[PDB]
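Residue-level listing of the chains:
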Amino acid sequence: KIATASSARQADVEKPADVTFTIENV
Amino acid sequence: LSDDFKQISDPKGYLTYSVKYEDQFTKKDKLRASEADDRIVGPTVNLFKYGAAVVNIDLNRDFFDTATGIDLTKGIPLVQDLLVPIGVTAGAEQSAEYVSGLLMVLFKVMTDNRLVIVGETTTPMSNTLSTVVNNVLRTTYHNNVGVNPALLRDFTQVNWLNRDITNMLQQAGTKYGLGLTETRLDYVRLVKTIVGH
Amino acid sequence: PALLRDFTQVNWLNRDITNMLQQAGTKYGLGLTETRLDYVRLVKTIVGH
Amino acid sequence: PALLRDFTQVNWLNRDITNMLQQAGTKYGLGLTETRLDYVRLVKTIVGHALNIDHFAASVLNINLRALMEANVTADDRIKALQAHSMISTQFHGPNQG
Amino acid sequence: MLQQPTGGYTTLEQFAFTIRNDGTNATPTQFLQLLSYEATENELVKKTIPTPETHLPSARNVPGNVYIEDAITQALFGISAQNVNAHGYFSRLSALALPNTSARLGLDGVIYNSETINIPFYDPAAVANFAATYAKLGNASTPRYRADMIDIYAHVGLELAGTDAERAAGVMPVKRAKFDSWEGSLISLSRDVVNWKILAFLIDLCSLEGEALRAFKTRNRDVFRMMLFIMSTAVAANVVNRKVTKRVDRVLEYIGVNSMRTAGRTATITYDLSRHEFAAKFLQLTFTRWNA
Amino acid sequence: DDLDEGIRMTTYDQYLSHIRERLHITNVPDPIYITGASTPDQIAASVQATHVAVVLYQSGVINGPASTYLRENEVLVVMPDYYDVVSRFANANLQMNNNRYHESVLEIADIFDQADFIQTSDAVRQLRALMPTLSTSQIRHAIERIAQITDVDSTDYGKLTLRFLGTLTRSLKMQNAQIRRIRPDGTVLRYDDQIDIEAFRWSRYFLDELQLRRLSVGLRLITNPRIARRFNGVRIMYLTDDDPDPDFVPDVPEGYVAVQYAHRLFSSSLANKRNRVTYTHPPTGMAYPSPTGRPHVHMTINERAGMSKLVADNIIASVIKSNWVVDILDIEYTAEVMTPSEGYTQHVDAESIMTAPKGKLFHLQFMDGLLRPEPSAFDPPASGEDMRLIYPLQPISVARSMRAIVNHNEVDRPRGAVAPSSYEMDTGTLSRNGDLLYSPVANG
Amino acid sequence: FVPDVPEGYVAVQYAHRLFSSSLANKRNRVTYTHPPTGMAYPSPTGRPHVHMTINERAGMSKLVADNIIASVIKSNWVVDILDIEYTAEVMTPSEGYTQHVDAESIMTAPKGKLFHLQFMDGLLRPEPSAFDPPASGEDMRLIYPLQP
Amino acid sequence: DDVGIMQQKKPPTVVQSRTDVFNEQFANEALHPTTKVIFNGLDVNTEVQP
C-alpha cells in the first residue's frame, strides 16, 4: 500500500457553564 | 445584573498544538495502560502518537474565529478589509492582511470577557493511576484534560522523547501538575467558592 | 517622464533620468502636496495636488 | 509453572515455587530480554525474548538464527554464480556488491 | 559553568570512557590488549594530511537545542546514522566559535542559545577553541572541502595497530586484527562507544596546550584508539569469526584500509557515503590536532 | 563600551509626544535645558526635581564632566534633531562619532517610577512598525471595519451633520490625545486638579481598566516569535536536495562576491551575431553576454519592480549555469512545512517568484524529510540528481514544538528531532498579586 | 571546431570498475570513484574536472551512461568516445538542422552503427539589428568531432 | 532507520533527452526539488534473482 500523511489539532470543548440545582455544601 | 462576563467551562486557549503525522510509522508493541490513566493521559498520547513528524503551536482558530473575520489557514492571522487601499479593490492575498490579523487578535484578546467555572471533574482513586501520573495529578481534574507533552512521560513508545521529558521534568526548575491546586484565593467567596486548577 | 525611472528597459534613458532626479535642483512628486482645513469646521477644503 | 506464584489457590505449591524462585540459582523471566545480539541487523533487528518454550526448540531456533546471522552472503555471490552460468565476458550491473 | 581542570575535563570521573567486555565494564585500554595482528604483503604509508580549510560554516541561528554530541557520536559510531551532513547543527557549532556568543555547550552535549543557568556547561573559551575546529565538520559534504576518504585511514591504522617502532617509522604492514570475542562484539562495542561523552575529549584536545596537552595525549591514547577501532570495523572490507578451539576469534581484515563498503552487514556498523565523508573529515581534523 | 552603554538621547518630537505630558500631570518643573556651559550638579538637581533622567539639549558643545555625568547616570538628552550630533559634545576621548550610535526603543516605564500612567510597552510600537503609513481616510476605514466586526453602528461618527453644509467628515486620527480644558482664546490649559476632575488627568487611551489588563497579555501574544510566521526574503540557489530540515539556508561559498541588483548591471549587447542580455560585473567591469561562465556572485535583489522578463530569466539561468546565489529580499511569504508523504501540493515557477506583485503574500512549501525511511538494499541506483532552487532566508518552523516522534534504532534519537521546551511543561504557581509564574529555578 | 580540454582536467580511462551502486543519503546512487585519489563521488554535481576517455562502451550499464552524461552537464566532464563512427553534413544557416542525435544513442548503440551528425557552418548568419532587444536562451552543442 | 516497505512519495521526474544541439532556456523552471534524467527506459535491471 502507498505511504500516507495525516493531521490533527486539539479540539475546542468550551461550553457555557452548566446550571446545577444541587449543592456541594451546607 | 449586567452580563459583564461570559461564564464557561473547559476553556479554549489562544494557542493550540497542531500535528502532522507520517502514517507509515507505527510501533509494533501495543501499550496497554490503566483505563483511568488512559483517560487522563489519553488525548495527549493520541495527539503525539508515534510517527508524528511535526508538532507546531498555532493560534487557536476555534477561538480566533471567522466571526472575528480572521482566517488562519495560512498559519498566520489574516483580515479582509482593515488596512486597505482607498479608491480601489484591495486585491487577494495581500500581506497587509497579516498586520490586520494581529490587530484583530489583539482586539479579540483585549475584549475576552470569559470567566471559567469548573466543568465535569474526576477524582481518580490513585491506586488506579500509574505513579508518574499520580504525582502529576492533584486530587481532581477536568475530564477534558487537554494536551500537555509532560503526559507522554512513561507512555510514549518513542524512547528518546521519554528520556528527554523525564530529564526536564526531573529538574527542579520545572514541575508539571494537573488539576485542583491550592491557591491564595482558595476559600474566597463570590456567590460561589473560587478554586485553582 | 520621471515615472519611467527604473521601469524603462532603455538604459541610457533611465540613467539620464535618474541623473536628473538625483540633482538637488529638481525633484518630481505626484499627489496630495497640501491641505487646508477650515478654521471652524475643522474639515479640509483647498488641497494642492 | 513460575506464573502460578501468588495465583494458585493451592498453598503448598505457591510456597514451594516461591521458595525455588526466591533462591539465587533460579530466576524466571518473560519477554524482551537484553542480549549480546541486541542491535545487530539482518534486514531487520535481532532481539531476545524470554519465551515459555522447551530449551530444545529454543536451542534449535537460536542456532538457525545465528546461521542466518553468520552466513554473510551478498549480491556479489549471486553475480558471481550468475557470471559462471552466463556467456563469457557478459556483464552484470546489479546493486551494491555488498 | 564547569571550570576546566588543568588536566582537562577528561580527568573528571563524570567523563570516564568505558566499554563492556562480554558485558563486564572495562577501560578501553584493557580491551585493546585483547587485539592481536597478522601482517600481510601490502604496506601502509602515511603521507601528510592536507591542512583543513579555514572556512567555518556560517553561524546562522536555528530554532531549538542542537544535540551535537549525539550527532557526532552517531555519525561515527551509531548503527545506520542518518542526516549526518545536515547543516544546522554545525552552524550552531560555529556560533559557539564566536568570541562572545550567548550560546553554551551543556555537559549533556546539547547547545542552548539561552544562557540557561539551570544546566551546567563547559567554559566558553574552551568550546570556542573546540568549535573553531570542529564546526568544519559541516564542510564534510561540500565538494571543495571533502577529505581524502582513503589515505587518512593509513593514519588510523598506524595509531591503532601500529607498533611504537612503526609509529616512529610512519610505515607499517597492513594488518589483520583478531581477538577472543562474543556474539555481537563489534556492535556492542559501537554501542558502548556511541554513549561516550566525546566532547570532553575533543574540547580537551583543542583547549589544552603544552605539557597538560601532551599528558592528555598520553593519558587518552587508548580512548582515541577505540574510536579508531570502531571506525576501522566500519570500513574493514571483511569481518569473520574463526573457531579456534572452543573460543571464537573475531577477525577484521584489514586494519588501516578503507574498503569504501556501504551496504549493511551483520558484523559491524556500516558507513553510507555521507558517513564516509563525515568520518574522513573528522579524522582530518582530529589527526591534525593530535599531531602538534 | 557595550551597545547598551553610551549616552542616551531621543528626538524632541518623541519627548513631546510621550514624556512631556506625563511630566505635566506629575507636577514637576520642566526639565532644564543644557547649554553646554551647564554644571553636572545642575543636571543632578534637575533629575532630582523631575524624577526622570531627562534633560533637553539647548545649545552647542556640552562640557566633558557633564557629558560623563549624563553617561554614568543614563540621562536621556532630548536633541531637537539628529544632524551632526557629535558636534554638540566636546569629546576629549574623541571616540564619539556619528553612525556609532545604537538606535533602540525605550519603554516609558524604564524612566517613570509612576506606574499609574503607563498602559503599554515596546510591543505596540513594534506592531505599528509593521503598519503601512495611513492616510486619515484609511484610518477611518479601519475603525469602521473594527466597528463592523463588532456590530456597532458607526454611522455619523467623526462627522458633522449640518443642515445646510451637508454632512462633513473630520479626521479620526488622535493618538495620545487627552481631555484638557481650554482658554476662551481656544488654547489648551495644562491640567489642574484644583478645577478639572481627576478622571481627566490621563485618558488611558480611552480604554476600560480591564481592557488594559488584557491588552498587555495580547501584546505579549502578538510579539511572540511563534506567532510570527510571515517570512521575508528567499535565497535562490542551485543545490542538490540533501538537507532534511525545512529551515535550511545554504551558506554562501567563500569565493562569491556580493552584488546589489541594479537595472544598470544588465544591458543589450552584440555577441556572436545576437543581442545578448549582458551582465557587466562591478568589481572588474567585464561584460558577460552568456549566462554561463559568469563569476560567482551573491546578487541581492531588494526590489523586483521594473525588472525585465529577459533580465530575470537571465539571472535564473545564471543561478543554474554560473551557480549564482540570488537573494530576493522583497518576497513576503507564508511557509508550510510538509511531511515527506504529503509531497508538494502547491508549486512555484521561477518566473512567478520573480514576477509577483510587491505587496502580495506568497505561499511557499518546505519539506521536513527527517521521517523518510532508508531505501531498500536492492532498489535500483539513481543516475538522476534531484535539484532545488528556493530556500528560506530566515528560520521557518518558529512554531515548531516537537519533531520526529519516532525511534531511530529503538533507543537512539534521530538527528534533528526536537523535544518540547521545558516551559511548555512548567505549571508554576501564582505570584501574590495573581500573575502566572514559572517554577523557581534552583534556589532560592 | 574541436573544443580544447581546459587546463585543470585529469585524464581518466573508463572501466566498469570505476562506477558502482552505493548508498549515499537515503538513496542508492551511481557512484563514481576517481582513480587519482580513490574518492567516490555519489552525485554528478561535485565530480573533479575529468576528461574521460571511453574506448569501449560494450558492457557499459545504461545507468552509468546516464550518470556520465549528467557528469558532463553538471561537473563539466569532457568525455571522448572513440568507438563511434559517423558521416557528417555541414548545413548552411538558412538550411537549419534537419535532424538530431540523442546522447542516449551515442552512448548505447552497437559498435558498428554509422551515425550521421550535422554541423552548421555559421559564417553567413545574419547580424541582428542594433536596436532589436535580446532573446533569452542559449544555443548549445553537446557532441563534437575529435578530428576535422 | 528502517527500510521503507509501503511505496514512497517520490518527487516528480523530469526527463531531458539531450541532443547534439539544443536551445536551453530556464523560463518556467520548477523551484521544488525534482529529479532530472537524461535517458528514457532507465528501468534496466530486469533480471530478478530469487
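Residues numbered from 1 in each chain as written, not as in the entry; some residues may be left out. Chains lettered and ligands numbered in written order. Part of a larger assembly, values for the part shown. Heavy atoms only, no water.

Method of determination, as annotated in the archive: cryo-EM, at 3.0000 Å resolution.

Notes on the interface of chain F and chain B
The test is simple: Working rule for contacts: check all heavy atoms of both residues, and any pair within 4.5 Å makes them a contact. Accessible area that two parts lose when put together, evaluated with a 1.4 Å probe and summed over both, is termed the buried area. Any carboxyl oxygen of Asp or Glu within 4 Å of a side-chain nitrogen of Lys or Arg constitutes a salt bridge here. Throughout this description, a polar contact denotes any pair of N or O atoms lying within 3.5 Å of each other; where both atoms belong to protein, one of them has to be capable of donating a hydrogen while the other can accept it, and for residues adjacent in sequence the pair is counted only when both atoms sit in side chains. Comment: elements are numbered from the N terminus, with helices defined as DSSP H or I runs of at least four residues and strands as E runs of at least two.
Between chain F and chain B, the residue contacts involve 73 residues of the former and 76 residues of the latter. Carbon and sulfur atoms supply 64% of the area that chain F and chain B bury against each other, a total of about 6400 Å² over both sides. Our count for the chain F to chain B interface comes out at three salt bridges. The partner of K20(B) in a salt bridge is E342(F), with the nearest N and O atoms 2.2 Å apart. Our enumeration of links across chain F and chain B arrives at 28 residue pairs in polar contact. It is helix α6 (residues 209-222) of chain F that contributes the most residues to the side of chain F that touches chain B, eight residues altogether.

Concerning the pairing of strand β6 (residues 171-180) of chain E
All names here are of chain E. Keep this limit in mind: Any residue under 20% of the maximum accessible area for its type is buried, any over 50% is exposed, and the rest in between are partly exposed; the area is computed with a 1.4 Å probe on protein chains only. Any two strands between which DSSP finds at least two bridges are classified as paired.
Across the 10 residues that make up β6, a large majority, seven, are buried. Of the strand pairs in this sheet, β6 and strand β8 (residues 247-255) are connected by six bridges, and their pairing is antiparallel. Bridge pairing links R176 to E253 in β8.

Some points on the sheet that holds strand β6 (residues 78-81) of chain G
All names here are of chain G. What counts is decided by this rule: Where helices are involved, their axes are fitted lines through C-alpha atoms of the stretch in contact, as for all axes, and angles between N-to-C directions lie from 0 to 180°.
Ordered by their spatial adjacency, three strands build an open sheet running β1-β5-β6, and the pairing between neighbours is parallel. The open sheet terminates on both sides in strands that have one partner only, identified here as β1 (10-13) and β6. Strand-to-strand twist across the sheet, computed as the mean angle between neighbouring axes with direction ignored, equals 20°. The sheet contact formed by strand β5 (residues 50-54) and β6 spans four bridges and is parallel. Directly across from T53, in β6, lies its bridge partner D80.

Some remarks on the nonpolar core
What counts here: Here, the term nonpolar core denotes a set of buried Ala, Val, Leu, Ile, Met, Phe, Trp, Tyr and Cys residues that are joined through side-chain atoms within 4.5 Å.
Formed by 98 residues in total, the largest nonpolar core has its most connected members in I68(E) and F229(E). Among the elements that line this core, the one with the most residues is helix α10 (residues 221-235) of chain E, at 10 residues. If sequence neighbours within four positions are ignored, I68(E) has contacts with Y89(E), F90(E), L93(E), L105(E), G109(E), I111(E) and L199(E). Judged by nonpolar contacts, the second largest core, of 44 residues, contains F266(F), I331(F), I390(F) and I396(F).

Some details on helix α2 (residues 40-50) of chain F
Residues and elements named next belong to chain F. Under the convention used in this document: Taken from the helix axis, the directions to the C-beta atoms give the arc we talk about.
Of the positions making up α2, those classed as buried are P40, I43, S46 and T50. Within α2, the buried residues cover an arc of 115° as seen down the axis, which keeps them to one side. Every exposed residue of α2 that faces more than 90 degrees away from the buried side is listed here: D41 and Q48. Packing partners of the buried residues in α2 comprise α1 (12-25), β2 (33-34), β3 (54-57) and α3 (64-72). A positive backbone phi angle near 55° is found at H51, which sits one or two residues after α2.

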